[PDB]
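Working notes, beginning with the structure itself.
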Amino acid sequence: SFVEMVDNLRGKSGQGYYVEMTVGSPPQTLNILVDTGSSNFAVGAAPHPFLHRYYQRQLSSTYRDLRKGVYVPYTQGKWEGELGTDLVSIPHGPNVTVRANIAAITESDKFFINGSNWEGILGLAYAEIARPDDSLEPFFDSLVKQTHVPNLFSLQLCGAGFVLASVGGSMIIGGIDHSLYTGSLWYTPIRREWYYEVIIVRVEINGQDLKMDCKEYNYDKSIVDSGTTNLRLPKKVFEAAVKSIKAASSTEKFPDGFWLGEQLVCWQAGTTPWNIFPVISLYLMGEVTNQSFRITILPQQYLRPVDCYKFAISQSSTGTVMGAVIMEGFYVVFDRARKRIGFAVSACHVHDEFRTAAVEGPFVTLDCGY
Ligand SMILES: CN1C(=O)[C@@](c2ccncc2)(c2cccc(-c3cccnc3)c2)N=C1N
């Protein structure tokens, strides 16, 4: 029953959303980051200064060694571990237990976050991008193959809403909970099964078209990633977006350290002038070729609380990333079975009495992909 699954996520602002899981026998309780942007189930399995608990394979009667190592260097840092399998459950998820691959992390750099309260990562994306290669079946694939759970999951990330702010949300596995959203669910195709890749066909700031060749919005790809905090945009698009946002909020000036996403700005208790910042609309490709639908986000989503805030839109060199701050406005359905992603206005999204996040379509757009 989906009711048991409601509010099963927690986190700290800017530090990811995590769900409680158990690994091994007897069950070892760990908090695990819900990450649609990667494809390994990777868990701290050795002492680390930021870890207050970790996976102890020797304490597990059901652990099985794969006798194989894994090394994952990446932009921000790296992680390194040992492959095996064990029994895994999600206490506030489906009532099943699965045998899944587990990368036991033995060494890492800049991977874990101080005080985040999670000890591992659940990569929900596809095998194509699994480390060390695509033969290592990802968790969700094992779950679907081993149980009768429908090949779909959905995420309602709620954020903080009014010490880093604590956030909450829901991960519904195997279905769609109609109490978590209002209005219509609109679907955009999954272009390819590796990341959750999608196509953006245009973007507006306060109703004003950025007027770019749509290839620019997806250069070199566009993905939906619960494991990225910000909305990240390709250089050309980022610059155009900030120019427009700057002009919209011209009354009142901020330092470009703020626009560069590393400097906070503060008002005091309920004085924040939301009405000065514009809304942002991303139009996603519809299931029908010449159609699209728009998701519209507010400043309440793209100014992340830290009353202090940081600009949560930043530049990318690896394509558009629709991260947590974009997802927070919405109920997002990862319909793997039908190769599509749905968006509907979330029952929990933060907004004032003049504006609201929105999902609206269709818009007919009469080649946007990389
Ligand atoms: C972008 N991204 C990463 O860098 C990370 C990753 C996962 C697996 N191997 C390499 C990188 C990742 C790793 C650690 C922490 C985060 C993170 C940090 C802050 C907020 N929320 C997620 C993300 N997962 C995503 N999606």
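Position 1 is the first residue of the sequence; numbering continues from there. Whatever order the structure lists them in is the order used to number ligands and atoms, beginning at 1. Scope of the values below: all heavy atoms of this structure, side chains included, with no hydrogens, waters or symmetry mates.
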For the residue pair [X] and [Y], confirm or rule out a side-chain donor-acceptor distance under 3.5 Å.
{"X": "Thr296", "Y": "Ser281", "answer": "yes"}
{"X": "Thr62", "Y": "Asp86", "answer": "yes"}
{"X": "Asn151", "Y": "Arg336", "answer": "yes"}

Problem - Ion pair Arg57/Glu82, N-O distance below 4.0 Å - result: yes

task: Look at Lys68 together with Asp65 and state whether they make a salt bridge at an N to O cut-off of under 4.0 Å.
output: no

With a cut-off of 4.0 Å, which atoms of ligand 1 are near a heavy atom of [X]?
{"X": "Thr228", "result": "1 (C)"}
{"X": "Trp79", "result": "8 (C), 9 (N), 10 (C)"}
{"X": "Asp35", "result": "5 (C), 7 (C), 24 (N), 25 (C), 26 (N)"}
{"X": "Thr229", "result": "20 (C)"}
{"X": "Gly14", "result": "19 (C), 20 (C)"}
{"X": "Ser38", "result": "7 (C), 8 (C)"}
{"X": "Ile113", "result": "18 (C), 19 (C)"}
{"X": "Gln15", "result": "20 (C)"}

Worksheet item: Does atom CZ of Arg99 have more than 12 heavy-atom neighbours, drawn from other residues, nucleotides or ligands, at distances under 6.0 Å?
Response: yes

Residue, atom name and distance, where the atom is the protein heavy atom closest to [atom]:
{"atom": "atom 4 (O) of ligand 1", "value": "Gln76 NE2, 3.8 Å"}
{"atom": "atom 2 (N) of ligand 1", "value": "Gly227 O, 3.6 Å"}
{"atom": "atom 15 (C) of ligand 1", "value": "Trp118 CH2, 3.8 Å"}

Judged by heavy atoms only, the candidate from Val34, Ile121, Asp225 nearest atom 13 (C) of ligand 1 is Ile121

The remaining residues in the hydrophobic cluster of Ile113, counting side-chain heavy-atom contacts under 4.5 Å among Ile, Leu, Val, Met, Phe, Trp and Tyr, are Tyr18, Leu33, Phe50, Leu51, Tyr54, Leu66, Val70, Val72, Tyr74, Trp79, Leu83, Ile105, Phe111, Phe112, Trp118, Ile121, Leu136

query = Do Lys221's NZ or CZ and the ring of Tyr195 fall within the cation-pi criteria of under 6.0 Å and 45°?
reply = yes

- [ ] Please step through side-chain contact (heavy atoms from CB on, under 4.5 Å) for the pair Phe139 and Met21, ending with a clear verdict.
- [x] CA-CA 12 Å; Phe139 176 83; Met21 306 178 74; 4.1 Å; yes

Logged contact type for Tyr17 with ligand 1, heavy-atom cut-off 4.0 Å, is neither

